[PDB]
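Peer 1: part one of the complex, untouched from its place in the assembly:
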Amino acid sequence: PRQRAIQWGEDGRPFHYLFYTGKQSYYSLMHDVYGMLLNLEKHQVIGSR
Amino acid sequence: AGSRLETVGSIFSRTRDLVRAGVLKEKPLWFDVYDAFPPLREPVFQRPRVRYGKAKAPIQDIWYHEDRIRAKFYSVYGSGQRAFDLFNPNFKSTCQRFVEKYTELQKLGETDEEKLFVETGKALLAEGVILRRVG
Amino acid sequence: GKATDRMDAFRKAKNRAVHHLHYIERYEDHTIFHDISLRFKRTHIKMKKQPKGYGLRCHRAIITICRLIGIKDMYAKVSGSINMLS
Amino acid sequence: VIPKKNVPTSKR
């Protein structure tokens, strides 16, 4: 099975700024999607599931 | 083995004491910074209580002498049809322009209130200001 | 400590207790600094500062706790509800 | 002597 690698270095500092949420991968994705929706505003089926 | 009794003293006192007792082998990274530059109030838990009987909060209402002039101006002439621009830190409304003229004439020695108010309206009309009385 | 088995309750209580340690000030490392009289719920505890050699003349549980703190000389009287947790 | 805890047995 896929194992997530160690999330902090020898000094103990986590690599990801969203580590302490416990869901850094999920919330980093929501952060990226929310950021894209913002940039659009500033600028402005059958075969897929 | 830091103590989790957050309602007993403060993080500084609990940390300082366990360091003396030898329970904590090393001081935390923040302890020396807190000691050198402590807060104004030591962060000690307190239970908030409702006031009873004749106890009142010590907060006072903020009032100024010019508020009396502003209250009368809004009663007599209403709010100006000009729109407030609260983003401009130096914005002056018709009421503030009225208040400043009212203050100038008061410093010229006039002391009557009803007379000092009518002369102010005339001065602004001479300057081209629109003062539509509400009634 | 709570558990179905007694040995598990012992483990939980004692391991948790070290995370909720108080520091108790002692006069000359043997007694309290002043007489302490307080009520906790319905349990009244009156404690008296004592000189060296007086020993622990207190409720047996207070004796046990005082040896863990390091108090050697104190008088205490418990009145009202005698509840171990209170 | 409370029997000492043994986490290793059920370790994944």
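Peer 2: Now that the structure is in, tell me what you want to look at. Numbers count the residues shown, from 1 in each chain, chains lettered A, B, ... in the order given.
Peer 1: quick one, phi/psi of residue B:11?
Peer 2: Per-residue torsions, residue B:11: phi -60, psi -30 (degrees, to the nearest 10).
Peer 1: if I look at it, how far off is residue B:5?
Peer 2: 10 Å (C-beta to C-beta, to the nearest Å). C-beta here means a position set from N, CA and C on the backbone, and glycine is covered the same way.
Peer 1: okay, those two: which has more neighbours?
Peer 2: Using other C-beta atoms under 10 Å in any protein chain shown as the criterion, residue B:11 and residue B:5 rank with residue B:11 on top: 17 against 14.
Peer 1: Quick one: residues contacting the residue sitting nearest the centre point of chain A.
Peer 2: By C-alpha atoms, centre = their mean, the mean C-alpha position of chain A lies nearest to residue A:28, the distance being 1.8 Å. By C-beta atoms under 8 Å, 6 or more residues apart in numbering or on different chains, the residues touching residue A:28 are A:16, A:18.
Peer 1: before we move on, what SS does it have?
Peer 2: Assigned with DSSP: H, G, I helix; E, B strand; the rest coil, residue A:28 falls in the helix class.
Peer 1: how close does it get to residue C:43?
Peer 2: 53 Å.
Peer 1: where does residue A:6 sit relative to residue B:1, distance-wise?
Peer 2: Distance from residue A:6 to residue B:1, counting by C-beta to C-beta: 26 Å.
Peer 1: what does residue C:20 give?
Peer 2: 10 Å.
Peer 1: Same check on residue B:18?
Peer 2: Residue B:18 is 7 Å from residue B:1, where distance means C-beta to C-beta.
Peer 1: Compare the two (neighbour count), which wins?
Peer 2: Higher neighbour count among residue B:18 and residue B:1: residue B:18, with 18 against 11, using other C-beta under 10 Å.
Peer 1: What sits closest to that one if chain neighbours are left out?
Peer 2: Sequence neighbours aside, residue B:24 is the residue nearest to residue B:18 in space, at 4.7 Å (criterion: C-beta to C-beta, 6 or more residues apart in numbering or on different chains).
Peer 1: wouldn't the one you found be in contact with residue B:17 here?
Peer 2: No - contact criterion C-beta atoms under 8 Å: residue B:24 and residue B:17 do not qualify, at 9.3 Å.
Peer 1: quick one, helices of chain C?
Peer 2: C:6-17, C:60-69 (DSSP state H).
Peer 1: Can you check which of those helices gets nearest to chain B?
Peer 2: Comparison of the helices of chain C against chain B by C-beta to the nearest C-beta identifies helix C:6-17 as nearest, at 9.2 Å.
Peer 1: Can that closest one be said to contact chain B?
Peer 2: No - on the criterion C-beta under 8 Å from any C-beta of the partner chain, helix C:6-17 is out of touch with chain B, staying 9.2 Å away.
Peer 1: can you slot in chain E too:
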Amino acid sequence: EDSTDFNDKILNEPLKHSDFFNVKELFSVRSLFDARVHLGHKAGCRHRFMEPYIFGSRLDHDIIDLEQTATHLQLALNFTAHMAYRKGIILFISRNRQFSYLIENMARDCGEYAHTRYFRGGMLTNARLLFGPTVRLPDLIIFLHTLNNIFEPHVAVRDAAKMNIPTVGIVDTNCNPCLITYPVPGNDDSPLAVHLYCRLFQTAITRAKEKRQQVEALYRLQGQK
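Peer 2: Chain E goes in next, on the same frame as the chains above:
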């Protein structure tokens, strides 16, 4: 032999100066006033423990005394800078969803951490189970909003005190500052106020990290020769 000199020239030297990072140059009572930091909630929402910090009520709207905010902000920024200098883990916490994106970006930009999401029970008090026995917890928690979305204190305020982590917190007139180590009375709602706070902490943290590298680099160059 060489460690005592290291810790003395690098870790103990900044602690002998009242403003080692010059954080007083970052703000002024005027800069705070333009950001609307003095604006508090209505008197009916006032928390009793905030009365000492309230200048007064202007037509039933509480006004925060910026003279006190200025002194409290100096202490909080100074503390925050010293902790960043010492390479502490700084965690920003706020549940105000209007500013979640802004705060998460500010944390990433300064090289720190943000928790703007739902706070799950035990992130701090049960971290070893959730993250692992070797997990390092934050050395400083900065609250830009100390209340959760039901207008109660964020659970992390209580749990930060339980874990003996110092807290910096913006405390509005409806907040409880008793357990916040370095409270800063100020408006937490206005976008101009919140943006200002993020700039000040971001700048304080970034400056302290650059200062740490300058001192270390100099201490090494001089050590060889």
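Peer 1: how close does the residue nearest to the centre of chain A get to residue A:16?
Peer 2: Separation of residue A:28 from residue A:16 (C-beta to C-beta): 7 Å.
Peer 1: now swap in residue E:189 and tell me
Peer 2: Separation of residue E:189 from residue A:16 (C-beta to C-beta) stands at 29 Å.
Peer 1: for residue E:36, same thing?
Peer 2: With distances taken as C-beta to C-beta, residue E:36 is found 34 Å from residue A:16.
Peer 1: Also residue E:88?
Peer 2: According to C-beta to C-beta, residue E:88 stands 17 Å off from residue A:16.
Peer 1: So those two - more neighbours on which side?
Peer 2: A side-by-side neighbour count of residue E:88 and residue A:16, using other C-beta under 10 Å, places residue E:88 first with 23 against 15.
Peer 1: What residues does that one make contact with?
Peer 2: Contacts of residue E:88 by C-beta under 8 Å, 6+ apart are B:29-30, E:138-140.
Peer 1: got it, and residue E:46?
Peer 2: By C-beta under 8 Å, 6+ apart, the contact list for residue E:46 reads B:57, B:59, E:40, E:54, E:62, E:173-174.
Peer 1: Can you pull the phi and psi angles for it?
Peer 2: Torsion angles at residue E:46 (phi, psi; degrees, to the nearest 10) stand at phi -60, psi 130.
Peer 1: just residue E:39 next, same as before
Peer 2: The phi/psi pair for residue E:39 (degrees, to the nearest 10) reads phi -80, psi 120.
Peer 1: so what's it closest to, chain neighbours aside?
Peer 2: Counting by C-beta to C-beta, 6+ apart, residue E:187 is the residue found nearest to residue E:39 once chain neighbours are left out, at 4.7 Å.
Peer 1: Include secondary structure when you put the contacts of residue E:46 into CSV, please.
Peer 2: Listed next are the contacts of residue E:46 as CSV, based on three-state DSSP:
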residue, secondary structure
B:57, coil
B:59, coil
E:40, strand
E:54, strand
E:62, strand
E:173, coil
E:174, coil
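Peer 1: which of these lies closest to chain D?
Peer 2: Nearest member of those to chain D, counting by C-beta to the nearest C-beta, is residue E:174, at 45.6 Å.
Peer 1: count of residues packed around that closest one?
Peer 2: 19.
Peer 1: what's the answer for residue E:145, then?
Peer 2: Residue E:145 has 24 neighbours, counted by other C-beta under 10 Å.
Peer 1: Residue B:92 now?
Peer 2: Residue B:92, neighbours per other C-beta under 10 Å, totals 11.
Peer 1: Ok, residue B:78 next?
Peer 2: For residue B:78, the count of nearby residues is 14 (other C-beta under 10 Å).
Peer 1: Include this sequence as chain F:
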Amino acid sequence: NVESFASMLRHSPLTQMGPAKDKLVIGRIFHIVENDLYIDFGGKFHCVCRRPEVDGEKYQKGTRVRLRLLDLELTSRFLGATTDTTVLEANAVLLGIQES
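Peer 2: Once chain F is put in with the chains from before, the structure reads:
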């Protein structure tokens, strides 16, 4: 000769305005959700106004508008509550667009 906070507060437009009820103010649209316009007008809290039926497309992010203020903060204490409930928004009526 550093200006004091008491001086800033006395001479601020928000202090000079007095009561906010029935006061015309200029706002700026900073966020839009469907036909909900979030308008900042210099106070602590923004107001939320529905897009007007006439010239609805003229109301965009950054568009400056005219408002008639009702309350700077909507708050009320309800039966059994120890503190006032606040919705964290101002009450205002959107009149139209401000033009030069």
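Peer 1: Repeat for the neighbour count of residue B:78, accounting for chain F.
Peer 2: Counted with other C-beta under 10 Å, residues neighbouring residue B:78 total 15.
Peer 1: so who does the residue in chain B positioned nearest to chain A touch?
Peer 2: Nearest to chain A in chain B, going by C-beta to the nearest C-beta, is residue B:29, at a distance of 11.0 Å. Shown in contact with residue B:29 (C-beta under 8 Å, 6+ apart): E:83, E:86, E:88, E:139.
Peer 1: 7 Å instead, please
Peer 2: The contact partners of residue B:29, by C-beta atoms under 7 Å, 6 or more residues apart in numbering or on different chains, come to E:86, E:88, E:139.
Peer 1: so where do the helices sit in chain B?
Peer 2: For chain B, the helices defined by DSSP H occupy B:11-20, B:31-36, B:65-77, B:94-107, B:113-126.
Peer 1: Any chance you could list what contacts the shortest one?
Peer 2: Helix B:31-36 has contacts (C-beta under 7 Å, 6+ apart) with B:12, B:15, E:15, E:79, E:82-83, E:166.
Peer 1: Show me which of those residues is closest to residue B:103.
Peer 2: The nearest member of those to residue B:103, counting by C-beta to C-beta, is residue E:79 at 45.0 Å.
Peer 1: How much space separates the closest one from residue E:184?
Peer 2: Separation of residue E:79 from residue E:184 (C-beta to C-beta): 11 Å.
Peer 1: who has more neighbours, the two?
Peer 2: Neighbour count, other C-beta under 10 Å: between residue E:79 and residue E:184, residue E:184 has more, with 29 against 25.
Peer 1: Count residues in the vicinity of residue A:25, would you?
Peer 2: Neighbours around residue A:25, by other C-beta under 10 Å: 10.
Peer 1: helix/strand/coil for it?
Peer 2: The three-state assignment at residue A:25 reads helix, by three-state DSSP.
Peer 1: can you pull out the strands in chain D?
Peer 2: With DSSP state E as the criterion, chain D has no strands.
Peer 1: nope, chain C is what I meant
Peer 2: Secondary structure of chain C, counting by DSSP E: strands at C:36-40, C:43-49, C:56-57, C:74-80.
Peer 1: To residue B:70, which of those lies closest?
Peer 2: Of all those, strand C:36-40 sits nearest to residue B:70, with 56.4 Å by C-beta to C-beta.
Peer 1: Could you pull up the contacting residues of the residue of chain E found nearest chain F?
Peer 2: With C-beta to the nearest C-beta as the measure, residue E:44 is the residue of chain E nearest to chain F, at 3.4 Å. Applying C-beta under 7 Å, 6+ apart to residue E:44 gives the contacts F:75, F:77, F:84.
Peer 1: how about the residues of chain A that lie near chain F?
Peer 2: residue A:41 (C-beta under 7 Å from any C-beta of the partner chain).
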